[PDB]
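# Remarks on the overall topology
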Amino acid sequence: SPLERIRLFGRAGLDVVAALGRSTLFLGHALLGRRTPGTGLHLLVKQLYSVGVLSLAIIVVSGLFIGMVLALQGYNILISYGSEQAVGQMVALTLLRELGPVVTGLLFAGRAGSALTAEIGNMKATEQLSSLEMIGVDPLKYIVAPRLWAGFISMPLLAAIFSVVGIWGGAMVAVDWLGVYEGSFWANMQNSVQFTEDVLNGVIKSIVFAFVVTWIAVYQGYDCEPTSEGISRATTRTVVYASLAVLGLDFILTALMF
Amino acid sequence: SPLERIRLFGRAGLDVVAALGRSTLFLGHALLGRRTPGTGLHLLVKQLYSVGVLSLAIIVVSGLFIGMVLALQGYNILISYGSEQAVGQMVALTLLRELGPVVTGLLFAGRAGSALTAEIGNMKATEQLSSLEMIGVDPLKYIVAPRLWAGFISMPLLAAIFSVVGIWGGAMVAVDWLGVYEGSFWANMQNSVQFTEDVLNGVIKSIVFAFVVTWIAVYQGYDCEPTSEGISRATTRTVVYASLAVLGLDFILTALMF
Amino acid sequence: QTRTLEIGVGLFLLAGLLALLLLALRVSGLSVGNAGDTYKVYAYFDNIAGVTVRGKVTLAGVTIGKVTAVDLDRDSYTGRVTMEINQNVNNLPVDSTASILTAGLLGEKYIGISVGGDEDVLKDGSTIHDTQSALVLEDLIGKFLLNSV
Amino acid sequence: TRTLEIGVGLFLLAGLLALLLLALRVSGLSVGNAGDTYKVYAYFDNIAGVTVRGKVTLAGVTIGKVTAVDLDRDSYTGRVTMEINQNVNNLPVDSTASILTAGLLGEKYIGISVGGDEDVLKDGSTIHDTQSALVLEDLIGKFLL
Amino acid sequence: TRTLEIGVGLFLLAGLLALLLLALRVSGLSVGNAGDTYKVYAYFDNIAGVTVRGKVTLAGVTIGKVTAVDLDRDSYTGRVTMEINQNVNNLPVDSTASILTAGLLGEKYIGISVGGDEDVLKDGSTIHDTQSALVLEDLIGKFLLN
Amino acid sequence: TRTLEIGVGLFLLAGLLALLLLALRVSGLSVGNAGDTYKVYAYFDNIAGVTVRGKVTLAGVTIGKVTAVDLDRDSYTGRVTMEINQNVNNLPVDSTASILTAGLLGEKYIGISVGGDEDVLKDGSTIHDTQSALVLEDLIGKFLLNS
Amino acid sequence: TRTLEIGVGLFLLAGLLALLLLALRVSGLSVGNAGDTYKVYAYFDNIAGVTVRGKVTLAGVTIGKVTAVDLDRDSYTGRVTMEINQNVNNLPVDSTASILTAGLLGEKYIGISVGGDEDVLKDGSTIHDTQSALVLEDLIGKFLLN
Amino acid sequence: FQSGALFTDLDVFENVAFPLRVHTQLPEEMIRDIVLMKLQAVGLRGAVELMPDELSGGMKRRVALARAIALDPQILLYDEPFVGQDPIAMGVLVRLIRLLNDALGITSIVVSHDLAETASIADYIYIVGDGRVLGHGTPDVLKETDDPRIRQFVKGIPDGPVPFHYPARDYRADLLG
Amino acid sequence: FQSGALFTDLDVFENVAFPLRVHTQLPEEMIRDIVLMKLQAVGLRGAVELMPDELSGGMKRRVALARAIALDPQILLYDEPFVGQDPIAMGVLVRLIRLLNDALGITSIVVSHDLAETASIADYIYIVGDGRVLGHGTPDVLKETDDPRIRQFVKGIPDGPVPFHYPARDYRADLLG
Ligand SMILES: CCCCCCCCCCCCCCCC(=O)OC[C@H](COP(=O)(O)O)OC(=O)CCCCCCCCCCCCCCC
Ligand SMILES: CCCCCCCCCCCCCCCC(=O)OC[C@H](COP(=O)(O)O)OC(=O)CCCCCCCCCCCCCCC
Ligand SMILES: CCCCCCCCCCCCCCCC(=O)OC[C@H](COP(=O)(O)O)OC(=O)CCCCCCCCCCCCCCC
Ligand SMILES: CCCCCCCCCCCCCCCC(=O)OC[C@H](COP(=O)(O)O)OC(=O)CCCCCCCCCCCCCCC
Ligand SMILES: CCCCCCCCCCCCCCCC(=O)OC[C@H](COP(=O)(O)O)OC(=O)CCCCCCCCCCCCCCC
Ligand SMILES: CCCCCCCCCCCCCCCC(=O)OC[C@H](COP(=O)(O)O)OC(=O)CCCCCCCCCCCCCCC
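Residues numbered from 1 in each chain as written, not as in the entry; some residues may be left out. Chains lettered and ligands numbered in written order. Part of a larger assembly, values for the part shown. Heavy atoms only, no water.

Method information in the entry identifies cryo-EM as the source of the structure, with 3.9 Å recorded as the resolution.

In C-alpha cells form, the structure reads like this:
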C-alpha cells in the first residue's frame, strides 16, 4: 500500500531520529555518568592496543601506497607545467590537509570502526555485556568508555603516522625513481606548509571525525539486536555511516577553513 | 617461547599462502565449474540489486561531498597561482583518474564488500549454505557466482556514477559559491581530458579492483568458520584486505600508466 | 516515554548540526576579533589589466590593504578602482600618486602608492588625482620598436 | 497519533524532491546574468593566442567575453565576435580593439581604445581598424638580417 | 518480483548514461567534434617542439591538428603530416607553413600564411616552402662565434 | 600482561614523534630556526618582494629569518625586523643590508654587505644604511622612457 | 610439517628485515654512508642558492653533493663542503669551481673547471680560486646604475 | 537441520517448492498443489506467504521439515531436531518425525544430544565417540550395557571414564604453595 | 546465563575473580585462594590459565557457574542451563545445580524450556505465558492440573489451546480455487 509505504518511510524517519537521540544520551552516560568500581586505566591500555596498534599495519602500508600514488600522479600531472620540482608542495599538502585524514578515516572507520562494533556487539549477544550489570559494574563505563577513549587518542595519532609515511614514500619514489632533486623537494615543501594553518588544520580535522567515527562505531555495537544476523548488519551500518560521516564532516570542516 | 613464536609466525605464513591458493581454486570453481540445475538470471538480478542499488545512495552522497571538497580545496590551492579558472581541470582529473576509483573502492569495499561477506557468512553459519548440497545444487554457482557477477558489473558503474556526481558537485560549488565562470570550467576541462587515456584509464582501474574487491569480499564469506564470532571477524578481514588490495592495485595500475 | 525524550534530544542535535551551515555564517573579510574597519578610496587609472579584485594595495612594499572593486566610468571610459585602507594608515597626502606594480617579474599586478607631500591628508573615502597606469607589453613595444623605426 | 505522524515521511519527500529541484536550479532563476548583452565583430590578421571565450576589456576593466572566433577565407582574416555589457554602450565606432598580452605570459586578450569620434558604437558594427597580435617569431624574423 | 527488475534496470541505464556523460561531454570525443578533414604534408628543416596533436592554424584562429611526424631517410628533414577542416579549402600552393609559439614558453604549434592567388591544393598534396622552428641555441650562437 | 603496555606505549610515542616530524622537519617552526636568535631592525625604501618568514643571509649562506615588516607612519618607509643566529655576532654597523631576489624569479630574501667597522652590534638595534629593492615599473620608468 | 614451517617463518622475518634495511638506506641517502668517499672544502663570496645537498659537478656531469654550508666568522665569507665519488680522483688542486645555474630558474649548483695542471689533491684539502655566484641585483646595478 | 536452514531470500512457499523446482519439471500449478498438501501435513499451511525472516523460530523448523519431505524421500536425516524449544513445539515435532515414519515408512535418522526423547522414540540407537562407534543397540540393551564409557553416557553418573575434574596438579600444593 | 557469558578479554582465573575484585578488597593472594576453591568445587580447577576462547563450550558454562557462586550469593538465577549439551555435561551440571542447593542452602531459580529435567529437580515450578503466570505448583499438582493450557504444555498433546495449524483459510477452497 502506497499510503502505508509512506507510513513505513516516516517510521524510519522517526527511527533514525530517536536513534541518534538515544545515541547522544548513551554518549553522555558513557563519558560523564559516574566512576565505576571495577574500572581503571589498564582497560584503556588493552583497548588502545586492540584498536590502534592492531590497526596500525594497515594504515602504515596504506600510507605508503597512497603516498607513492600521490607522487606518481603529481609528477605526471605537473611535468606538463614545467614546475616539476614543486611536486613536494603537492604530495605533502594534499596528503596533509584533506586526503590524509579522509583516507585515515575511511580506513580506521573501515577496520577499527567495525571490528570495534562487532566486538561489543558480540559481547551483547552472548549476554556477556549483560552479566556485568547483574554483577554491578556499569557496562557503559567498563566496556564502552575505554572504547571511546581508545578512539579519540588513537585515530589522530594514526592520521599523523599516515601523513608522515605518505610524505616519506612520496619522496622516496620522487627522489629515487622519478629522479627529482633531493633538497629541492623538502625546500619547496617547507616553504609552502603554513604549520598552524595547514598541519594543525589537518590534525583538528582528524580529531573531529575520530570522535565521530568511534562514536557511531561503538554506539551501533551497543544497540544492535543480539543475534548473529543483527551484528552482521550493524557492522555494516557502522561502515556506511562511518564513511558518510567521515566525508560529510570533512566537507564541513573544510568549509570552515579553506 | 621465541622459537615457537616464530613457529606460529611461519604457520601464519603458510596459512595465508594456502588461503589465497584455496581462494583462487574457489574462484575457478565458481566462474567455470559447471552449469547448475537451479540457476538462472533472476538470481543475478536480485543480487545486483542487493549489492549495487542498495549501495548506491552511499556513493551518490559521498561523490557529492568529495567533489565539493575537491573544489573548495582546488579553488584555494590555486588562487595562490592566479590560474583559478583551471580548477575544472583539477576537480575533474583527480576525481577521475585516481581518487575517483580509489574512494569508490574504499566505499564499495566498505559496505558492499562487507554486507556481502556477512551475508554468505551467515548463510554458511545457519547451515543454509550446506543444505543446498544435500539438495544437489552447487552453492559455489547458485550462491556465490551471482555475487561475483553483481560485483564485476556494479562497481564500475558505481565508479562512473561517483565520478559524474563528483564533477557536477565540484562545478555547482565552483560556479555558484566560488563564482568562477560557467563556460570556462567545462572549457578547460574538455581541453585537458584525454578520454582514451584518462577516462578509460580510470574505468579499467575501477574494473580491476572491482574484481579484486568482490573476490575477497565473497571468498572470506565463504571460508569463515560458522559462528557469530567467526563472521564478525571475517567481515573485518574483508575490509582490511579489501582496502589494502584497493590501494595496492591502484598503485600498481597507476605505475603501469602515469 | 523514553522515545519522546530521545526524539527531543535528537532534534536538539540535528539543530546543533544545522547551526554549522557555513554559507555566510560570520560575514566578514577577516575574523570577528579584528574590527575590519578599512576606509574607502577611489583612484582614476587608464589601464588596470592585472589589478583583479583581491589584490594587494601597498606602500613602500608593505601591504596597506586590498582592492575592493574595479569599474569603467562610462563618461571618460577610464578605470576607477575602489579599494580600502587600514585605519592605522591615515597619513597619505592628496598629492601622492598610485600606480600598478608587478611583484618581481610575473607576480600579480598589485598597486603601490608613492607618498607625495601635502599637509591635508585624506577624506579616506575620496579618490586620487594623478597616477601612472600599468605598463602594457603592447604599447610599450609598439612605441619603442614596432612603429618607431 | 502515530498514524497522524505519517506527515514526517511527507516532510521528507517534500524535503527530498525539493532538494532535487534545487540541485536542478543550476540556471538559478534569481537573475544575476546580463541578459545576453550586445554582440560586436572585429577583423584581425592574426589572433594566435586569442582563445574562444577569453576576456575583452577596456582601460583594464573587463568589458565582457569574446563569444567566438572564425576565419573568412575570402579575406583570409580572423573575425572575432564578443558580447559587451549594455550599461557601457558609449563606445565610439572608430574605437579600435587590439590584442594585448597580460604581463609577459598572461593569456592574450582584446583591449579597446576609445576613438571619441562622437558616433557612439552602432551596436553591431564590425571594428573598422585594429592592431593584430604580435608574434615572437614575427619580431625575431623581422630583425635577424 | 517486478520492482526489483525495474529498479536494477533503471539504475543500470543510469550507470551507462553516466559512463557516456564522462565519455561524450566531459571527455570531448568524436561525435561532438567529428568532422571531415583532409591531409597535407610539410617539409621542415627542424621541428624541435612540434608535438603530436599540436595545433595548426592560420590568421591566428585554429584550423586543424598535426597528425604525425617523420624523419625522411634521404635528406634527414622533418616531414610533418597534418589535417585541415574541409571548409578550409582555399589555401593556395605558395602558402608558407612556419612554426609558431604563442607564449615564450607556449607550445610550438604551426601556422600557415596566405599564398598569393594561385590554385589552392589537392588537400592530400604537400607544401613546398617553410620557415623552420627556431631554437634558443641557434638564436644566440648565430649572434656569436666572431 | 606487559608486552601490551610496551607495544602501546611504543606506538603512542611513534605517533607523537610523527606529529613532531610533521611540525618540525616538514614545517620548520622553531628547533633552532627562530629560537636563540637576536633581533635587528632595518629601514628600507621599498620591501615589495619582502615577506614574513623570509631569509636574511650574508655571502649567500643563511644567517636567519625575517620576522616582521611594518610601516613607520612618519616616513612611510619599511621597518623590517629580523632574527639572527647567535653564533653570528660579528657584523659591523656600517654594513648594509640589501634585498636580493632568489636566482632570477625566486622569492626576495635580503642579504648583508659587510661594511667594515669596529663597533659590531647591539642585536636589537637597527641598521643605518642599505639599498632598497628594485621593481620593474621603476627600472622601465627609469632611464628607458624619458625621450 | 614441522621444520619447513619454522624455516618459512625465518624466511619471512628475514625478508621483512631486508625491506626495512633497504627502506632506511633512502635516508642517510643511498650514496654510501660517508660516500664512502672523500671530502673537500671551498670558499665563496656568495652561495645564495647552494643549500644543503646541491650538485657538485665537472664538465656538466655531477660528481657528488654538497654536504654543508657555513659562514666563517673570520673572513665573513661562505665555506662549502662536499664529497666526491672516489672514482673521481684526478682533480688538480688548481681547479676552479663557480656556482652555475642550470638554465635560468635552475637551483644553483657548483661546477668545477679543471683549472690548471698540478698535484691532484689531498681530497680533504681546500680550494683556492673560484668565481662566486652572480646576483641579478649587482648585475642590474654596477652595470646599469653606475 | 536445526535452526530450520531456510533461505532468507525466498518466502515460505518458494522455499518449500525449491527441491521440486530443482529435481522436477512440473506445471507451476502442480508444484503449488504438492507444496500445499505438504504444508498442510506439517501444519504450516497458513503461512504460505510469510518470509522466514517473519516466521517465528518454532515453525521455522516445521517448514524446513516440509521442505525435506517434499519429493517424498525414502530416508531423511535430522540434525538435532528437538533441541531448545518449548515442550509444545517439541511435542508436535516429535509427533511429526514419528508420524512420517509410521505412515510414510521412510527411514529417519535422528541425531540428538538429548538422550531422553531420542531413546524414547528411536529403535536402534548408536553412540559415536572419538572416531569410533562406541557400541550400539536398541534402547533396552543400551540401558544396561555396563560398558563404563557407555553406561556413563546413557545415564547421569557424572564421574567415570570421562573425568569430572580437569587435569589439575594438586588441590593441596597449588592452593598452599 | 547459558553460553556461559564469560569475558573474552580475561582468562579463566581473572574471569572468575572479577566479582571479588569488584565488591571486595582482598589481598591478591586471598582472592586467588577463593577462586581456586570455587574452581575445584565446579571442577574447572585445572584450566586456571586458559582463555575462554580456548575453552571447550561445555566447561565454558561451569566456569560461569563458579563465577556466580563466588561471593557466596544467597540466591542465584539460571538462564536455560541445561539446553543443548551431551547428557554427560548435562548430568554434571544438573548435579552441581542441585549440590549447591542441598549443601549451600541457596535459593536457585532454574529457567528452562526443557520440561523433563526441570520438573525432575525443581520444587515449585511456575509457568509464564503472555504476561500472566499461567498457574504454578509443585511438579505433582502440575502433572494433573487439567487446565487445558497448562495440561497441554506440561505434556506433549500437541493440539489444544495452542493451535497446531496456522490460521489458514480453507484446505478445500485454496487448494481448489
Ligand atoms: C518536523 C521535525 C520532526 C521530524 C524531522 C526529522 C527529519 C530529519 C532527519 C532526516 C533523516 C531522514 C532519513 C530517513 C530515510 C531512511 O530510510 O533512513 C535512511 C537511513 C536509515 O535507513 P534504514 O533504517 O532503512 O536502514 O538513515 C540515514 O540515512 C541517517 C542519515 C541522515 C543524515 C542525518 C543528519 C542530517 C544532516 C543534515 C541534513 C542535510 C540536508 C541539507 C539541507 C541544507
Ligand atoms: C588522486 C590524484 C592527485 C591529483 C593530481 C592530478 C593533477 C593535479 C591537479 C591539477 C591542477 C594543476 C594544473 C595547473 C598547472 C599549474 O600551473 O600548476 C603548477 C603551479 C606552478 O607554480 P609553482 O611553481 O609556484 O608551484 O603551481 C601550483 O599550481 C600550486 C598547486 C600545486 C598543488 C599543491 C596541493 C594543492 C592541491 C589540492 C590539494 C587537495 C586536493 C586533492 C584531493 C581533492
Ligand atoms: C553541501 C551541504 C552538506 C550537508 C551537510 C549535512 C551532512 C553533515 C555530515 C553528515 C553526518 C553523518 C550522519 C551520520 C549519523 C546517522 O547516519 O544516523 C544514523 C545512526 C543511527 O541510526 P540507526 O540506528 O537507525 O541506523 O546515527 C548514529 O549512529 C548515532 C550518532 C550519529 C553521529 C552524529 C555525528 C555528529 C557530528 C558532530 C560533530 C561535532 C563534534 C565536535 C566536537 C569537538
Ligand atoms: C533538510 C532536511 C533533509 C535532511 C536529510 C534527508 C535525509 C534523507 C535520506 C534518504 C536518502 C535515500 C535513502 C534511501 C533508503 C535506502 O534504500 O538505503 C538506505 C541507506 C542504507 O540502506 P539500508 O536500508 O539497507 O540500511 O541508508 C543511507 O545511507 C542513506 C544516506 C542518507 C544521507 C543523507 C545526507 C544528506 C545529503 C546532503 C547533501 C548536501 C547537498 C546540499 C547542497 C546545498
Ligand atoms: C591489467 C593487469 C591485470 C591485474 C590482475 C589482477 C590480479 C589480482 C590479484 C590480487 C590478489 C587478491 C587476493 C584475494 C583475496 C583473498 O582471498 O586473499 C585473502 C588472503 C587472506 O586469507 P586469510 O586471512 O583468511 O587467512 O590473503 C590476503 O589477505 C591478500 C591481501 C591482499 C593485499 C594486496 C596487496 C597488493 C600490493 C602489493 C605491492 C607491493 C608494493 C611494494 C613496493 C615498494
Ligand atoms: C620487492 C619488495 C616488495 C615486497 C612486497 C610486500 C609488500 C606487501 C605486504 C603486505 C602488507 C601486510 C599487512 C596486512 C595487514 C595485517 O597484517 O593485519 C594485521 C595483523 C593482525 O594481527 P592478528 O593476527 O593479531 O589479528 O598483524 C600481523 O600479524 C601482521 C604483522 C606484520 C605484517 C606486515 C606489515 C608490515 C610490513 C609491511 C612491508 C612494507 C614494505 C615497505 C616497502 C619499502
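Further remarks concern a negative patch on the surface. Residues and elements named next belong to chain E. Judged by side-chain charge, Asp94, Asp117, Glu118, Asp119 and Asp129 come together as a negatively charged surface patch. Tracing the backbone through its elements, the reader meets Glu118 in the loop between strand 6 (108–112) and strand 7 (130–131). Residue class for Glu118 comes out partly exposed when judged on its relative accessible area of 45%. (Patch = residues over 30% accessible without salt bridge, like charges linked within 9 Å, V, L, I, M, F, W, Y side chains within 5 Å. Areas by Shrake-Rupley, 256 points an atom, 1.4 Å probe, with all protein chains shown as cover. Salt bridge = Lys/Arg side-chain N within 4 Å of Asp/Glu carboxyl O. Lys, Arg positive; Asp, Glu negative; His and termini not counted. Charge placed at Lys NZ, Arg CZ, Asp CG, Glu CD. Helix = DSSP H or I, 4+ residues; strand = E, 2+ residues; numbered from the N terminus. Buried < 20%, exposed > 50% of the residue type's maximum accessible area, 1.4 Å probe, protein only.)

Quick look at the side chain of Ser154 of chain A now. All names here are of chain A. Relative to the helices and strands, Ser154 is located in the loop between helix 10 (145–152) and helix 11 (155–178). On the accessibility criterion, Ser154 (3% relative accessible area) is buried. In this structure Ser154 touches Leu48 and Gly52, once residues within four positions along its chain are discounted. (Contact = heavy atoms within 4.5 Å.)

What follows concerns empty space enclosed by the protein. All names here are of chain G. The full count for this structure, using the stated rule, is 19 cavities of 30 Å³ or more. The computed volume of the largest cavity comes to approximately 200 Å³. Only strand 1 (38–44), strand 4 (78–84) and strand 6 (109–113) provide two or more residues apiece to the lining of the largest cavity. Here the element with the most residues in the lining of the largest cavity is strand 1; it accounts for four residues. For the lining of the largest cavity, a count of residues per class yields 16 nonpolar, two polar and no charged. (1 Å grid on protein atoms, 1.4 Å probe; cavity = no way out; pocket = protein on both sides within 12 Å on 5 of 7 lines; lining within 4 Å. Points joined across faces, edges and corners; volume = space filled by probe spheres on them. Nonpolar A, V, L, I, M, F, W, Y, C, P; charged D, E, K, R; others polar.)

With that out of the way, let us pick up the pattern of salt bridges. Two side chains that carry opposite charge are able to pair once their charged atoms sit near each other. Applying the stated criterion across every chain yields a total of 30 salt bridges over all chains. Close ionic contact of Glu6 of chain C with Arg22 of chain A constitutes a salt bridge, the shortest N to O distance being 2.6 Å. Residue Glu6 of chain C is located in helix 1 (residues 2–18), and its partner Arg22 of chain A is located in helix 1 (residues 2–32); the two belong to separate chains. Between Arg79 of chain E and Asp70 of chain E there is a salt bridge, with its nearest N and O atoms 2.4 Å apart. Judged by relative accessible area, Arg79 of chain E falls into the buried class, the value being 18%. Looking at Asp70 of chain E, the relative accessible area reads 35%, which means it is partly exposed. Here the residues in one salt-bridge network are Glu14, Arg21 and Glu28 of chain H, joined through shared partners.

Taken together, the residues surrounding ligand 1 are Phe9, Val16, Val17 and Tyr241 of chain A, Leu14 and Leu17 of chain C together with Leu12 of chain D. The environment of ligand 1 is shared, with nearby residues belonging to chains A, C and D. Relative to its unbound accessible area of 1100 Å², ligand 1 is 45% covered by the protein chains. Every element with two or more residues in the shell around ligand 1 is listed here: helix 1 of chain A together with helix 1 of chain C. If you tally residues by element for the shell around ligand 1, the top one is helix 1 of chain A, at three residues. Residue composition of the shell around ligand 1, grouped by class: seven nonpolar, no polar and no charged. (Near = heavy atom within 4 Å.)

Here we come to the arrangement of the chains. In this assembly, 16 pairs of chains are in contact, and the pair with the greatest number of contacts comprises chains H and I. In this assembly chain D lies apart from chain G, the nearest approach of their C-alpha atoms being 16 Å. The two units chain G and chain I remain apart, with a minimum C-alpha distance of 23 Å.

Quick look at the pairing of strand 5 (residues 78–86) of chain C now. Residues and elements named next belong to chain C. Across the nine residues that make up strand 5, a large majority, eight, are buried. Where strand 1 (residues 38–45) meets strand 5, eight bridges bridge the pair, whose relative direction is antiparallel. Across the sheet, residue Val41 finds its bridge partner in strand 5, namely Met83. Here six bridges tie strand 4 (residues 67–73) to strand 5, and the two strands are oriented antiparallel to one another. The partner of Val67 across the bridge, within strand 5, is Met83. (Pairing = 2+ DSSP bridges.)

Taken together, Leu54, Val61 and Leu64 of chain A, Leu244 of chain B together with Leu19 of chain G form the complete shell of residues around ligand 6. Residues near ligand 6 are shared among chains A, B and G, making this a multi-chain site. Protein contact buries 40% of the 1000 Å² of open area that ligand 6 shows by itself.

A word on the interface of chain I and chain H. Every contact between the two is made by 39 residues of chain I and, on the other side, 41 residues of chain H. Buried surface at the junction of chain I and chain H, summed over both partners, amounts to about 3600 Å²; 64% is from carbon and sulfur atoms. Contact with chain H buries surface across chain I, with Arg45, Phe164 and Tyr166 of chain I losing the most and accounting together for 19% of the total. The interface formed by chain I and chain H holds four salt bridges in total. Elements that contribute at least two residues to the side of chain I that touches chain H include exactly helix 2 (28–42), helix 3 (59–69), helix 4 (87–102), helix 7 (148–153) and helix 8 (173–176) of chain I. Looking at which element gives the most residues to the side of chain I that touches chain H, the answer is helix 2 of chain I, with seven residues. (Buried area = accessible area lost by both parts, 1.4 Å probe.)

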